[PDB]
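For this one, two forms of the same chain are given in structure tokens, first as structure 1 and then as structure 2.
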Structure 1
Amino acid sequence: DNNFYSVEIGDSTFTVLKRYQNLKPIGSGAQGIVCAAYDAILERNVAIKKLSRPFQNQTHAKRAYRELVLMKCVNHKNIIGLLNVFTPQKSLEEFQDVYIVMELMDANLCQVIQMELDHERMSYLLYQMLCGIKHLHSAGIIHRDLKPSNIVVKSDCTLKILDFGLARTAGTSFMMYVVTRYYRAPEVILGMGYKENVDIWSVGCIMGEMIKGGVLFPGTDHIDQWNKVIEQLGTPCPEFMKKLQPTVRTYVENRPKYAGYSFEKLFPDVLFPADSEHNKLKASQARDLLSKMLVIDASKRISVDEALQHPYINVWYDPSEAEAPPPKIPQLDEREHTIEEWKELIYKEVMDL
């Protein structure tokens, strides 16, 4: 008879399979309704995220279709994986909602930054992130939306990536979505274009956040962000200014020039674990890697491959999380389609279950 069951949670009607019970929602209150439940069949706890109405507009279905198809066919330690997908409606007529279950994680990367950590833990967390993005870049996907709230870790400091970002499609910084400007690159904020090193900037800001305990570049508005970057890092050299668009090229030069601060005073030894030569040398190496990754000019930005071979990170090097086989997604398309086609397109995968 019935294979789905109902409960009204978080001001919303939630209906999924009976295998999961004792629904407990996330208290974060963030967009995307997800609750924690326990799956009886395989004896593991699960996180379940509901699509409210995937087809409210063209922006929704495009991102919803993207994340389902690619999460189904990439399989990596540092990227979150998909276990089951289903929707209660059995025909497309009233098919209107979709649910996604996946492996549960203990916490966000945000809260992990609050608790003091050590170099062994910090680096392994970054190592995982770089091979998470390196596995994505090899597939041809630029995240550009990396932030602590899109990153989850477990009790063993195993890190997994929650989001697939925009997959290198949209280049706008403020869309109809992300509540964070802080971790975004200088090129994206200036609309100068992006390459594969854009994401290196955001892992640099996240890494710097662990050391200090606060957001590295806190910007109240779109343009405060740029001011905060150059208040601490210094004004860029003229060669960087040439490629900028003239309308806002003018503005950067007319904006005041700041010499900037060096990473030793940006990241002092007090915030690091210290008093040891191992600690002092690990404090050096951490700051040195921050310098290579927190570069305004994209051309001197350290690559993810070189970042993995940095002494601070290479201690965890083993090819199977890093040098994985590239995931292949041949249904692939660069095009946008009808709203009715969108439901029919996603209906195929959820009903070919």
Structure 2
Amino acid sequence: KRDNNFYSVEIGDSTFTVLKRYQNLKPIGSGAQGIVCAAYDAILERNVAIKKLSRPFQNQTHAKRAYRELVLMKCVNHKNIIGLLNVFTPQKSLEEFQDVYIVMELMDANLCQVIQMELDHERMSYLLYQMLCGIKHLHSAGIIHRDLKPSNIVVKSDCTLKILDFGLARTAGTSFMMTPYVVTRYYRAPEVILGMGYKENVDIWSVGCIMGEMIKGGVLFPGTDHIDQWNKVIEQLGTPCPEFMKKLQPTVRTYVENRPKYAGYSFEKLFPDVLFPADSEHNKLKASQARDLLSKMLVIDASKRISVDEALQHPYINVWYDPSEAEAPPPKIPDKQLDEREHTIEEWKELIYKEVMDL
């Protein structure tokens, strides 16, 4: 039956059909997941972001990502993870079900924009501390992100930082992905881009890349393709040890081993004082502490790379430490088989439909 509670508006090519409470939709984002609109929620009396997922059950690749983002957004409640305000489908039946609409708080900026500003040590360390808190919270429920990037981290005018997405799940970070959209790889750890095993501190590499960018004002490892990405890492940080090499699959290993041998540059040369606030005693010490933290996160071999907990305890970060945010109880994920399931198209359609309905 027609439900008078919905209306339709065309945003670019695609149509949004939303509850009438959501007014004045404006497109703010696009990508592989779907279209994001800013809107005014007349019931909450605040601005929100509405993301449309089109036919998320269409194949398992789409379905696994949609499903886990629904489940996790609903069961996580943490200052540094984007919250779910609402979720709905305009279609009225399982048979007719097509689209899912995610409603989130509308944040004021993404971290790309925040990076463009000149940030003193207190602002950089606070934003990094918050990133570490959010990552630690995910890790505590066994969720390793693997794809953290500034475009998927947003910030509020009160300085609260929130991670927007939940990462690569149990997929291969060097397997083919059918998609028309560009995929940003600048922040992915060596072990991801070389197709190696990983552990929690895979996400520390990404934090290091973001921190270095915050300081320098440009992407640290802006590879124009997979080839270039690796080249840019080794040129700056040095060729990794033979022990690390022995982990690589034959084709990758021969390539990596036959690159020119780079010594790398010191973190003092990579991140000179000129790039930092450094007009005082506090600020000069802080620059050394920052380089010390970078030198522990931007480590190619993850077995020698610092952990999230160790980073939270680092003198650059720990000035902000509060166990209410840094030692929160882990998310309780209700689906005990999250990320361990293979399903047919119709099974995924019903799982995602129920998730929307809490049935």
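In this text, the rigid core denotes the largest set of C-alpha atoms whose superposition between the two forms falls within 1.5 Å. Numbers follow structure 1, counted from its first residue as 1.
Of the residues listed here (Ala107, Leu271, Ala170, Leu281), only one shifts its CA by 2 angstroms or more between the two structures after fitting on the rigid core, and it is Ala170. Superposition of the core reveals a Cα shift of less than 2 Å for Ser91 between the two structures. For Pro246, the Cα coordinates differ by 2 angstroms or more between the two structures after the core has been superposed. In the core-superposed comparison between the two structures, the C-alpha atom of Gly27 has shifted by at least 2 angstroms. Core-based superposition between the two structures puts the Cα shift at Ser12 at 1.1 Å.
With the core fitted, the CA of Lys72 sits 0.4 Å away from its counterpart between the two structures.
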